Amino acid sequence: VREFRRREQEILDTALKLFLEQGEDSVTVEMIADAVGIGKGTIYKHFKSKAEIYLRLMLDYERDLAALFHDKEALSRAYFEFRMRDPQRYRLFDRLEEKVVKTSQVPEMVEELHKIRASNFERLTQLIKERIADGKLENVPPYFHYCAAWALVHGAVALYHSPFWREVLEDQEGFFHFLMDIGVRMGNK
């Protein structure tokens, strides 16, 4: 069971690494096995298909997001750090929405992904409502704040893919904490 659980996480970790390096469409299950160091059938014990790996990566991501919500200012900062690190993975998951999530592939896992996304959406909304009630955020509809947070994250991901970022902007790590601070502070009363 140790063998199973430890190897499984290594599958997922290698699979994501290959996806971001080479494009998810070019990466087969064959290739993930070679990189981990196991054979083909050893993988099928874990994931019946690459779509199962796709959904498991997204499911694990939503569960890490859920575990964040279990002080509110520190929480809001951690939420922006979580969303904004690994921009390449974020962009991979958006492609997966059209390619796998909006299809009949692995329906059991897709059903489970919708459910935890809806509960995570309600968790963020509840944080917003609490920070309005504390006087931290401006008293506007909570979806003003939710959409503003979606926009900052989405624009930040595009920024990290932009030729200006790659080549002109120097202190990228200092910038990162600057943008997280911006997220915590936007909409402040």
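Sequential numbering from 1, following the sequence displayed.
**Student:** Out of 33 to 41 and 119 to 127, which stretch has the higher average CA B-factor listed in the record?
**Tutor:** 33 to 41 has the higher mean C-alpha B-factor.
**Student:** Of 71 to 79 and 105 to 113, which one has the bigger average CA B-factor?
**Tutor:** According to the PDB entry, the answer is 71 to 79.
**Student:** Quiz for you: based on the deposited Cα B-factor, which of 46, 50, 145, 56 is highest?
**Tutor:** The record points to 46.
**Student:** Report the third (lowest, middle or highest) to which the CA temperature factor of residue 168 belongs, ranking only the modelled residues of the same chain.
**Tutor:** Highest third.
**Student:** Using the B-factors in the PDB entry, rank residue 155's C-alpha atom against the chain and give the third, lowest, middle or highest.
**Tutor:** For residue 155, the deposited C-alpha B-factor lands in the lowest third.
**Student:** Taking the C-alpha B-factors as the PDB entry records them, is residue 11 in the lowest, middle or highest third of its chain?
**Tutor:** Highest third of the chain for residue 11's C-alpha B-factor.
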